[PDB]
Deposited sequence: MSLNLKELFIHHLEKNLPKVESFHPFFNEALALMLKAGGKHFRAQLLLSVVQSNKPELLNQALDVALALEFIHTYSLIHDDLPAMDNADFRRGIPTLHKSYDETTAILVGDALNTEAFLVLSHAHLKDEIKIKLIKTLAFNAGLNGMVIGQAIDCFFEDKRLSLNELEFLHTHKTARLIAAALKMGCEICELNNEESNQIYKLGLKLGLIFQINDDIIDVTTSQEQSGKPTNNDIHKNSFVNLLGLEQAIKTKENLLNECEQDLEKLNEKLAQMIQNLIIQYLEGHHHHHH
């Protein structure tokens, strides 16, 4: 029977990035955070789009999901560094800079960033599709998305942001990559630009909702707005999505409804 979570986990475990060398632990360090855990939300968003539109491409989409998770994992490794979040644990295990050293954590993250593009470029898909996928990932994972969001999050931690600035921060830090996962699913399936763009825009909204939701369940929306208004902001957004959303296929729509959990 079909289980996308298991399918991807097995794909990841069979395709860990590695290089033959006399370095005594680099391969182990590369694999560690990939194997340790991860809900693979971004991989699953992408695979859901593919399964709901062109299921015949599901196996070929696995490498694209893998590239997404390589980017996500590298980001976690760098963000956990002492200069930034300074985290001692991640995904149930010690962070790479604690198990090895800061150099290793920095370099493993660098390797995974670059390796995402090697894996994408080798995907079993037409070159025209792979170029679209690379554009989408590099735009949303790079300075136009994830990286500027992280830079803003770090720089303004000891400062104050307006609501609009806070929305900009989170939209870039996390929502862009979530939107990218959905859009890349559309691109694998060669969906029309209209639909792919609608799904991307929905992804941006879902990403913001996730961040506010997280702040609630607890640069925070609740600190800025208060709990009552934060819940109000989230609820509205489920609604804005609802209108926008209903246009996307009931098939995909329910799969997506589940992953948000």
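- In sequence order, the gaps in C-alpha coverage of the deposited chain fall at 1, 220-237, 281-291.
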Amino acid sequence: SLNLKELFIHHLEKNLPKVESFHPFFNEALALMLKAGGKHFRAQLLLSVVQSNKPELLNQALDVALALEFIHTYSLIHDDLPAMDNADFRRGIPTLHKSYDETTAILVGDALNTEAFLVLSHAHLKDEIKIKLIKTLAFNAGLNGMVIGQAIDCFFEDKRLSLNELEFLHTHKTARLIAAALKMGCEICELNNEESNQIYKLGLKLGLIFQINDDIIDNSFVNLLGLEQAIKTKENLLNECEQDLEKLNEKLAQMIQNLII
From here on, numbers count along this sequence of modelled residues.
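- Looking at 235-243 and 16-24 together, the entry lists the larger mean B-factor for 235-243, computed on C-alpha atoms.
- The mean Cα B-factor in the deposited entry runs higher for 167-175 than for the other of 128-136 and 167-175.
- Note on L204, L46, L34, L224: the highest value goes to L224, judged by CA B factor as recorded.
- Remark: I93 belongs to the highest third of its chain, ranked by C-alpha B-factor as recorded.
- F70: CA B factor lies in the lowest third for its chain, per the PDB record.
- Looking at the C-alpha B-factors along this chain, the one for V64 belongs to the lowest third.
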